[PDB]
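Working notes for the structure below.
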Number of protein chains: 2
Amino acid sequence: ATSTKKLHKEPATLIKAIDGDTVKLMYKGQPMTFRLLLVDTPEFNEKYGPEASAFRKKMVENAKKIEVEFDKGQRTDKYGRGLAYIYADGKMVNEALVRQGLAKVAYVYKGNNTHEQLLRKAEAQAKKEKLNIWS
Amino acid sequence: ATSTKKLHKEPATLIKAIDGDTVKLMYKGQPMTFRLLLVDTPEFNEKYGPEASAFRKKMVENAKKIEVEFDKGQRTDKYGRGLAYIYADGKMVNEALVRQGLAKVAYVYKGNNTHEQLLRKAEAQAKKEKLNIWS
Ligand SMILES: Cc1cn([C@H]2C[C@H](OP(=O)(O)O)[C@@H](COP(=O)(O)O)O2)c(=O)[nH]c1=O
Ligand SMILES: Cc1cn([C@H]2C[C@H](OP(=O)(O)O)[C@@H](COP(=O)(O)O)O2)c(=O)[nH]c1=O
């Protein structure tokens, strides 16, 4: 159609999927974006990115109980994301992503590194097993 | 497990699923939430809710080409949602929901009702076939 007297169709596309280490939840009555402490997944458009997103999604959305755990240091990054460890039925999403070789340990800063050694242990095991990013 | 001097876990929940007649898209370079003109699906937690949402998601997310089409009146509602007809490979999502008895024709206001007669014809057939909402 071209008539200026009628309606006009315009293109649209799908919004890009969220990366695996960004976790959006309902917290204290408000939607909130968390960035997982101590980890770095590939972005969705790079190799293992879709796998990291799908793994986080599966863990979080299948959970009976989700919890949020801030560390001792800064609570929010400069982008206004909550900096947390996130748990699904008692299993830490941050640790699981690293154990699966879907994220590397990263962003290890003073005061916000309580679970550092637990995560490095997961990474060493993922690497020993040549999983995903380590393959 | 008990020390109050270390970290604390807090509860969080999933953000509730979007209803079938809300659609989020990338449009002219930005994310935008649309509300489908002329239709009303059940909410996700009511009967046929999940079906309406799955039907829309399948239609939109499998499309080769998605289009949006504003009417002549109000472009956004009071919630900031774009009021549009949405097309998936040339088939209108608004019309299709109604045709399958997953939405009723509603919110029909003079000036934003270009496709009224189309949608009411779809509803009559859905009702005739006793489909879904009409069963
Ligand atoms: C995980 C984490 C990220 N960030 C910041 C560092 C990067 O911002 P800058 O690029 O401006 O330096 C960004 C990486 O997160 P993403 O991997 O989500 O993009 O988030 C922190 O500041 N603290 C943290 O604990
Ligand atoms: C479809 C549509 C809805 N709306 C408003 C009417 C309802 O708001 P109010 O109840 O506050 O009056 C609401 C229904 O949308 P939902 O079915 O998504 O909830 O959106 C419009 O204003 N114009 C429209 O064309």
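Please read every residue number as a count from 1 along the shown chain.
Keep in mind that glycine also has a Cβ here, set from the backbone N, Cα and C atoms.
Database features, via Swiss-Prot:
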- A:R35: active site (ACT_SITE)
- A:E43: active site (ACT_SITE)
- A:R81: active site (ACT_SITE)
- A:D21, A:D40, A:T41: Ca(2+) binding site (BINDING)
Spatial neighbour of A:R81 (active site) that is closest, considering only the recorded positions A:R35, A:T41, A:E43 and their CA atoms: A:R35
DSSP-derived class (H/G/I helix, E/B strand, else coil) of A:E43 (active site): coil
Shell list (Ca(2+); ref centroid = CB of A:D21, A:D40, A:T41; cutoff 8 A): A:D19, A:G20, A:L36, A:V39, A:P42, A:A52, A:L97, A:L102, A:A103, A:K104, A:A106
Pairwise CA distance, A:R35 (active site) versus A:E43 (active site), rounded so that it is a whole Å: 13
A:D21 (Ca(2+) binding site) and A:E43 (active site), distance between Cα atoms, whole Å: 9
Recorded positions compared (A:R35, A:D40, A:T41, A:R81) - highest count of Cβ atoms within 10 Å: A:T41
Greatest C-beta neighbour count within 10 angstroms, which of the recorded positions A:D21, A:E43: A:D21
Filtered recorded positions, from A:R35, A:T41, A:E43, A:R81, whose Cβ is under 6 Å from an atom of ligand 1: A:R35
